[PDB]
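These notes concern the structure reproduced below.
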Amino acid sequence: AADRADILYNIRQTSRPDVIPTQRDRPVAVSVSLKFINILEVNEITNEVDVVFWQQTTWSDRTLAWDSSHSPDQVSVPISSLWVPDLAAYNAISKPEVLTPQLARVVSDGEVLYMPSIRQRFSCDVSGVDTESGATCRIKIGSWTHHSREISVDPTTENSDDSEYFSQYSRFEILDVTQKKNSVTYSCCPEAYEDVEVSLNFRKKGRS
Amino acid sequence: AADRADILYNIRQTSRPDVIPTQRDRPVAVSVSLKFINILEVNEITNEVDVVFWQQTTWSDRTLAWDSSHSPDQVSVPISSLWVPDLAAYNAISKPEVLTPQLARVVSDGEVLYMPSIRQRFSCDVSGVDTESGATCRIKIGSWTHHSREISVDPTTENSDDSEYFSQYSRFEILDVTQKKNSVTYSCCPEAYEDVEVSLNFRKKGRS
Amino acid sequence: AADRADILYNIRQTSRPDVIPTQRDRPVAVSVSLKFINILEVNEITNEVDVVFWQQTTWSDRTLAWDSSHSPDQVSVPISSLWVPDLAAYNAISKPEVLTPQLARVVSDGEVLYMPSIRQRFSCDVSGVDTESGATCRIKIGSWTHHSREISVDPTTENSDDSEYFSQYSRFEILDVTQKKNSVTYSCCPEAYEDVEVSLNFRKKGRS
Amino acid sequence: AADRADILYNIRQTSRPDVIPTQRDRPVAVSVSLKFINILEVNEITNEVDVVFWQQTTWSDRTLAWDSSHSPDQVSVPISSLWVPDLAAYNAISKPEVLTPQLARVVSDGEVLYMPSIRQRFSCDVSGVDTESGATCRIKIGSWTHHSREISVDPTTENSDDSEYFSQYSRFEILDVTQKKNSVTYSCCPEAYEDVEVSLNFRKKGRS
Amino acid sequence: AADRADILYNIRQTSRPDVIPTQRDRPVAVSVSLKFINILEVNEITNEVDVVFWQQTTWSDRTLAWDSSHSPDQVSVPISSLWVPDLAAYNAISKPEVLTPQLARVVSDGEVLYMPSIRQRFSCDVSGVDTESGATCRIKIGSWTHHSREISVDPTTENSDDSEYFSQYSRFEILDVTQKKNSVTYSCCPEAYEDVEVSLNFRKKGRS
Ligand SMILES: N#C/N=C1\SCCN1Cc1ccc(Cl)nc1
Ligand SMILES: N#C/N=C1\SCCN1Cc1ccc(Cl)nc1
Ligand SMILES: N#C/N=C1\SCCN1Cc1ccc(Cl)nc1
Ligand SMILES: N#C/N=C1\SCCN1Cc1ccc(Cl)nc1
Ligand SMILES: N#C/N=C1\SCCN1Cc1ccc(Cl)nc1
């Protein structure tokens, strides 16, 4: 029977923003899917590209669930009130530029959806952008401090159109986008960190 | 008899900045109206524009109302102490740069007016900007996380001149500006999100 | 009987930074006078200017008064501890860049002086900058959300040289500066808002 | 029997971010190791480079130690909640830009690991970058305010690869990176401050 | 018998960051000495220079004093926990870019030292930079809101090398550095404000 103000007030009491909601000591499964909106400044010479995309991030936080029999089953909450995967583009050369309100969608069962529009610059393979096969820029996104046992990242497998969200007014066109999964590991640290490798195949429009 | 201090103190007591002020299941009615102030940069090749506009935003938050029969019926309040629509430009390629003091005007009847001066960059149709008929850049603005059942957005038609606020020193000129209501929906999300579609018809100024 | 630490204490106990210190229900008299220090990146084709100035701002706030018969009559105080006029340049195209500590000077009688050095870009008339008559760039500054009945702004007329503070190293030189008070109103809003119009007549320094 | 929520609570409640965690009267032993990921901009004329590197930083704080007999032995914690070494690149000409979530890992034994990905500009020898022997840009990093008696700096002792983390799409390549321990001192200050002189020997990729 | 935590806690208990540490109506004596590290982005046409210096700043607050006979006689403390002179470069045209941790050194006798490394752009005389006699760029730094009877500044003119800290990889070199005390006053304000005028004599490097 509680209103929306109550659902939020109760989230502040149960939600520990700095505590990863690990349950039955099993990694938190984070789903990550980049919705490409536009490809801006491209420099084949320096192998750098500016990209705008909506990062659809979904996961479950047990400590957030509530009874929605006699009340709203969803509310928007500031990400500062909840725990959020500490994801990062392993090959980014600029910090992520969040262009939208930093609010996440929370379902009464604990399901969380955070989908910010992000603009960011990447260090990838730009060669071939001005060709028919185009270039394929690969973006590695995974947790920065939570190894495979605390966080698992998997791409949301859905055959949705690759350029469904892509701006028609962009100078470039998307040929294909494949989001695979991997597990990076270095000599700095023993364990392995999961990541989703998003390969963006694009090229310039209006070519001869 | 009460001063402005009482009105503010009262707002700090009832205002819930992180909770949408909806009554029943009826969504919050947000009115959006853009007053174009300047068109700074335009790129015919990349289809990008840098513009300055005043985003006239109004809505109702009855949980803020107060008795003004013997006190001011309006006060300027910092937006941080109020709930504000999580509006965003769906095709912006830069974060909104707010140029003015972040204060809203609150009327004793619960009405809220927030009109910031914003400089922002968009990806839109720039073709024809050098012709007499000009270019037509469409800017879509709507709630980012609140679907139609939660937030409604509509323009504000009138007999106002599209150049009433426009700078005469700009390199461009406005031909016509029409703001229509529209709705967006992606395969990411089931429900639909209302948005105001602002069509800016402008061209570069001639030796005239 | 009191020291600078006690003054600050009492100030923090009576000052209401988010409440305009209305006196007798009359509008707060705000005085503003720009002291030009430099003219930097000028562009006659885009009618854009980048200038640096000290914005001399004064007003009265009775709620800050204190007896200084045998105590300091003046103290520097962070602006966050005081109410400040929500002033904005109506034709600015970049946010004000405050180059100095944000401290204000408060006198025991309630007089407040805030004079920050600001770097900011404006949209204004730059035509003729490289001619002998020079260009005349007009900058409009006034309250953003407080109308005439709440705040009043007038140029702090004081016998002084137009380039008393102007850098001798600028590529440009000031020919004249006239600061006149005015008023603005739009079909958006019923009441009027006061502003000060600063006309900066300048030109690129010749050679021979 | 305590979970991560309990551990995080304890750490946050025990950590003293402003107090150097000096065990006994010995200095705090900090280990620093730069893992270069890219060399973005290089200017031989101005001897200035723009580089992206992960700064492996480790130290100990016994106050955070907890019993992990039947509890996690590592947790992610925001650095704002921990004391962190006040490291500064002595030859940096721009503030370090942290591109990743500012979280550190704290082991149950009080061991702390913080490894952010940082983009920063340095003033260093770039002459010879376009030769087979390449250029050797040396970067000095150490405590800014804690001398040898309070903080000691040593390069992560380990025979590792220099290009392991390096981007294959960079316009440059790494020939060698020798990170040697060192010390600095000036007439300003009588004591000595330890640092880690990192020698970056790199050159531009051949057109082949 | 007091650890560094106790020294900080005492400081946190008596320090008044927003209150100048005045002693018997005498002005606080602040010492300022710039150590040049690099000279970059120089423009003889616009008379603007980018400079990087270690602004050595010292003053005294004897209320923070403690007995260090058998306790550390120095501690590093965040400036946010201390009162710091509101110093400003009068002819700077960009805000100060602080490149180092913002920590100060408090000594057991009440002395405080703050020496951040700063990168800032200035408006000054750059003419003659490419000549043997080089150019002389003057930089003024003094209190922004505290007049002569509240704050006094003087250069720590000692017997040191002007290029002791100066980078050998800079395109320029220092011929001489004279740091003299000085004062300023404008029609705006009745009292005078002290400042140290640093005359930097530098020229480009040209093996000829
Ligand atoms: N393997 C490995 N290392 C990885 S994968 C993603 C980030 N890292 C390095 C790292 C690991 C832990 C911390 Cl606190 N900071 C940086
Ligand atoms: N349809 C759809 N999706 C839309 S319309 C406007 C924004 N979005 C995406 C979205 C939806 C929900 C959240 Cl919490 N964040 C982003
Ligand atoms: N007329 C009019 N409108 C003016 S004059 C100066 C600023 N404005 C717009 C405005 C009016 C009210 C608020 Cl809360 N915000 C912006
Ligand atoms: N010698 C010397 N000085 C050094 S080595 C590393 C930094 N410094 C300068 C310094 C020393 C102390 C403080 Cl509080 N701030 C800056
Ligand atoms: N003379 C004079 N005025 C000076 S010297 C250095 C700064 N100023 C102006 C000033 C004076 C007082 C305040 Cl609160 N803010 C700025």
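Here's how to read the names in the structure tokens: chain A, B, ... by the order shown, residue numbers from 1 in each chain, ligand numbers from 1 in the order shown.
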Close residues, segment 117-121 of chain C itself excluded, 8 Å, only C-alpha atoms, min 5 positions apart in chain, as a ChimeraX atom specification: /C:48-55,92-100 /E:93-94
Expected answer as a PyMOL selection string: helix (DSSP H, G or I) residues in chain B: chain B and resi 4-14+62-64+79-81
In segment 49-135 of chain D, DSSP strand (DSSP E) residues written as a PyMOL selection string: chain D and resi 49-60+74-78+87-89+97-98+103-107+111-114+117-123+135
Residue contacts of residue 112 of chain E (9 Å, only C-alpha atoms) excluding same-chain residues fewer than 6 positions away, as a VMD selection string: chain E and resid 57 to 61 104 to 106
Using only C-alpha atoms and all ligand atoms, determine which residues fall within 8 Å of ligand 3, then list them as a PDB file with C-alpha atoms, in the first residue's frame.
```pdb
ATOM      1  CA  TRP B  54      16.201  28.451 -22.981  1.00  0.00           C
ATOM      2  CA  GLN B  56      11.011  26.489 -20.597  1.00  0.00           C
ATOM      3  CA  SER B  76      13.023  31.189  -6.394  1.00  0.00           C
ATOM      4  CA  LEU B 103      16.967  27.913  -9.615  1.00  0.00           C
ATOM      5  CA  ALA B 104      13.316  27.157 -10.215  1.00  0.00           C
ATOM      6  CA  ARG B 105      10.364  29.436  -9.611  1.00  0.00           C
ATOM      7  CA  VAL B 106       7.742  27.881  -7.337  1.00  0.00           C
ATOM      8  CA  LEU B 113       8.951  26.742 -13.590  1.00  0.00           C
ATOM      9  CA  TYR B 114      12.520  25.861 -14.458  1.00  0.00           C
ATOM     10  CA  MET B 115      13.984  27.678 -17.477  1.00  0.00           C
ATOM     11  CA  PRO B 116      17.705  27.182 -17.847  1.00  0.00           C
ATOM     12  CA  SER B 117      19.782  28.643 -20.658  1.00  0.00           C
TER      13      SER B 117
ATOM     14  CA  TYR C  90      21.821  37.029 -21.030  1.00  0.00           C
ATOM     15  CA  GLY C 142      20.878  40.829 -14.431  1.00  0.00           C
ATOM     16  CA  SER C 143      18.902  38.472 -12.156  1.00  0.00           C
ATOM     17  CA  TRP C 144      17.834  35.221 -13.788  1.00  0.00           C
ATOM     18  CA  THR C 145      14.748  34.340 -11.686  1.00  0.00           C
ATOM     19  CA  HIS C 146      14.030  37.445  -9.559  1.00  0.00           C
ATOM     20  CA  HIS C 147      11.915  40.161 -11.223  1.00  0.00           C
ATOM     21  CA  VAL C 184      13.745  42.929 -20.280  1.00  0.00           C
ATOM     22  CA  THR C 185      10.475  41.028 -20.682  1.00  0.00           C
ATOM     23  CA  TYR C 186       9.273  38.124 -22.780  1.00  0.00           C
ATOM     24  CA  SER C 187       5.969  36.492 -23.688  1.00  0.00           C
ATOM     25  CA  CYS C 188       7.081  33.664 -21.409  1.00  0.00           C
ATOM     26  CA  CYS C 189       6.804  35.682 -18.336  1.00  0.00           C
ATOM     27  CA  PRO C 190       4.316  38.380 -17.146  1.00  0.00           C
ATOM     28  CA  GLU C 191       6.644  40.500 -15.005  1.00  0.00           C
ATOM     29  CA  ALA C 192       9.872  42.241 -16.038  1.00  0.00           C
ATOM     30  CA  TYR C 193      13.494  41.545 -15.028  1.00  0.00           C
ATOM     31  CA  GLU C 194      16.080  44.304 -14.524  1.00  0.00           C
TER      32      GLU C 194
END
```
Contact residues (chain E, partner chain D, 7 Å, only C-alpha atoms) as number ranges by chain: E: 4-5, 76-77, 99-101, 169-171
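For the set C:159, C:108, C:102, C:167, the residue with the smallest atom-to-atom gap to ligand 5 is C:102, counting only C-alpha atoms and all ligand atoms.
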d(atom CA of residue 69 of chain E, atom CA of residue 109 of chain E) in Å: 11.4 Å
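For residue 1 of chain E, the non-local neighbours within 10 Å, defined as residues at least 4 positions apart in the same chain or in other chains and counting only C-alpha atoms, are residues 6, 67, 68, 69, 70, 71 and 72 of chain E.
Going from atom CA of residue 81 of chain B to atom CA of residue 12 of chain B covers 6.6 Å.
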